[PDB]
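Taking the form deposited in one PDB entry, here's one chain by itself in structure tokens.
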């Protein structure tokens, strides 16, 4: 599933595992994928949220309040939840529909929102990150970076 993930997008999923470990959780859910995307903090997903007037630190606060922390536990293998797997499947569908031949951070953000039911979608949607609004912003940022590249 991760074949076409960019190095940055792969980093996000690894950071999701770390976020779960740091919070002492026994699952990697949609919440942790969003925390990993924030922790990475530099790709199109992060700039799309910032350009829509949503902050990374504010998202991080709103997720953490919901999900709390578990009990000090040994580190090791944490399983992804089915809805986390569905976020990553939806990230492929988003890249497909947009005509992008790679899975980047922008696609994981769109996957998180499109999944709808999980912690990540609830927090993003409450902050105004509606799927079609965010999709439009991603497309506009990529076009705007391409125009700046044309200038160089």
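Residue numbers count along the first chain shown, from 1.
- Higher mean CA B-factor, judged across 81 to 89 and 35 to 43 from the recorded values: 35 to 43.
- Note on 66 to 74 vs 94 to 102: mean CA B-factor is higher in 66 to 74.
- Per the deposited record, 53 carries the highest C-alpha B-factor of all listed residues (111, 29, 58, 53).
- Residue 143: CA B factor in the lowest third of modelled residues in this chain (values from the PDB entry).
What comes next is about the form deposited in another entry, which does not appear here.
- Both residue 81 and residue 28 are carried by the same rigid part as the chain changes shape between the shown form and the other one.
- Legend note: Cα of residue 93 to Cα of residue 128 is at least 3 Å farther in the other entry than in the depicted form.
- Relative to the shown form, the Cα atoms of residue 81 and residue 54 move together by 3 Å or more in the other entry.
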